[PDB]
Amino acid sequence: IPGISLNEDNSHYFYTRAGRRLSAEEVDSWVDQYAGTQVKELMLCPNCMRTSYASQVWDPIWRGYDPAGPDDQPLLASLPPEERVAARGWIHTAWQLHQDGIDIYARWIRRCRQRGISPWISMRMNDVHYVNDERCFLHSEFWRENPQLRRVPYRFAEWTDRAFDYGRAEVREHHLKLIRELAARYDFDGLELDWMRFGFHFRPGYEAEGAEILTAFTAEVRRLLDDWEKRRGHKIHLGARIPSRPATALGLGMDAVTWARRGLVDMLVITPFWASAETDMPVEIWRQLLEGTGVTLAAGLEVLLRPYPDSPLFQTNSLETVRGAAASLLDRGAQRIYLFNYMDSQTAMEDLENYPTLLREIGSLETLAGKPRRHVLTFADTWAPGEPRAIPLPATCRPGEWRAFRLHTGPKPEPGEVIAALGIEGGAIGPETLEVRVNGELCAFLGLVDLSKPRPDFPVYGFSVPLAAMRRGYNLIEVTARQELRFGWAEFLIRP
C-alpha cells in the first residue's frame, strides 16, 4: 500500500528515442509500461537550466539549434565530435516533437490519468551539469550572462560552486517564472521542487538566512497552486526533495519541518544526491519530526550502489539490493519508495530484465516478503558546508582490535539463509583470521562468496549468521582480526 514514485528525467526519453519520428501514440506508450505496477506517481522532469518543452519564459534545449545543419554548429561546438551526436539526439527529438505539435508532458499527464497513475511535474531547482564548459548547449543564456548570481565566486572546485545563489531576488524570480508557466501549461496532480538537483543553493555560510528564504519561496509556490486548484477543479499537491538527514537538510537551508508544519508541502522525499543510494536513512526520526502534519514521507533511492566516496566501482543496484533498501526503508516507516535514475534504458539498473518485477514488488513489505534481498553498507554523499562527515567504509581493523558495522535489514528474516559478507581490500586471510559476531552470536566461516552485481573487485568472505540472532531493524556485525585488514564492503544476504 505505500507504493512507488518514479522520477523520469528531463533528457532520457529524448536521448534514447532519438532518430525515430515519434507519433502521439508512441509518446503515450511510454506511460503504459508503468501501468498495473506499484507505481502510484510518475514525477515527470521537464527541465535542467533549459526546458525540453517549448517554454515561452525559459530557453528550450534547442535555443540556438540549426535543425538542418552539421553536428559542428555553434550550439554543439564546445563538445568533442562524439558527444555532439548524443547531445543532438536530445536537442533534435525535443525540437521535432514541438514541430509536430506534440507537447510530451501534456500527453504523459493525460495518459497517466487513463492508466490510474497520478502525474506530477518535478522541477530541477539548480541543475549544474557541465558548468566547467561555459559554452555548453544545456546552460541557460541567463546563467551564461549572469556570473554575479553564482554561489561561489572565489573558486571553482565543484560544479555546485557555479550554481545559482537563491539568496538573490533575481535567481528566485528566474525560477518562479518557470513555475508560473508549468502551473498554467500543465494540469498535474502535484508539483515537486527538486532541491536535490544539485542541493546547493546559497553562498557558503548563508544557509540560515537561506532557510527563511526557501520557506517563503515554498509558500509563494503553495499560494500560486491554491489559485490553480480553483481553476483546475481539483487539489494540487506540492512536494520537495531534500537531504537524507535533518541536520544536513537544515544546514543546506531546507527547513522541511517548518514547510510541513505551516502546510506548504504534503510530500517530502529524503534522498541522496547521486554518488550512491543510501540503504541507511533515519526514516523514523523524520516521521517523529513530521508527526501530525499529514506529509507523505518518501524514501528516495539512487541507481548507483557504491561502498565509499573514493571507490572506483560505478555499478548500479540490482533487484536484490533494491529489495533490501526498500524492505529496510518501508520497515522504518517510509510511506513511499521513490526511484531516481531508474528509467527504462541508459540511466537504469544493469539487470534491466528485472525492471518489471522491481516495479511490482518494492512498494510493499507483503510483495518483498520471503524474496532474496541484499542489505549493502554505503554512505551519505551530501553534507552541509563544513559539516563533519560520517563515512563507514573503508575500515581498518588492527590485530586484536574490534570494528562494528550496523546495517539496517528491515523485517526479521523468514526461515532460510542469512550471510554476513565482508570484502577485504589490499591483497590474504585464513578461516580463523576473522572472528565475526552478529548481535554477539558467533558466525561460522563459509569461505569466498560469488556475489552477483553490484559487487566489489576484491574478495568477499561469507559468515553464516544463526537465523535467530537477526532482529527487526539494525543488526550489528562485529569483527576482530588476528592480522591488519582493511574492509571495503559489508552486506547481509537474506535468502528465505
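Residues carry their position along the shown sequence, with the first being 1.
Gap between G427 and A428: 1 to 3 deposited residues without coordinates. The stretch 410-418 shows the higher mean C-alpha B-factor when 410-418 is compared against 104-112 in the entry.
Comparing the deposited coordinates for 375-383 and 209-217, the stretch with the larger average C-alpha B-factor is 209-217.
Remark: of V85, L304, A326, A240, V85 shows the highest value [criterion: C-alpha B-factor in the PDB entry].
Looking at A468, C48, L44, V438, the one whose CA carries the top B-factor in the deposited record is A468.
Among the modelled residues of its chain, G190 has a C-alpha B-factor that falls in the middle third according to the deposited record.
In the PDB entry, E141 places in the middle third of its chain by CA B-factor. Compared with the other modelled residues of the chain, the Cα B-factor recorded for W228 ranks in the highest third. Among the modelled residues of its chain, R135 has a C-alpha B-factor that falls in the highest third, as given in the PDB entry.
Remark: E366 belongs to the highest third of its chain, ranked by C-alpha B-factor as recorded.
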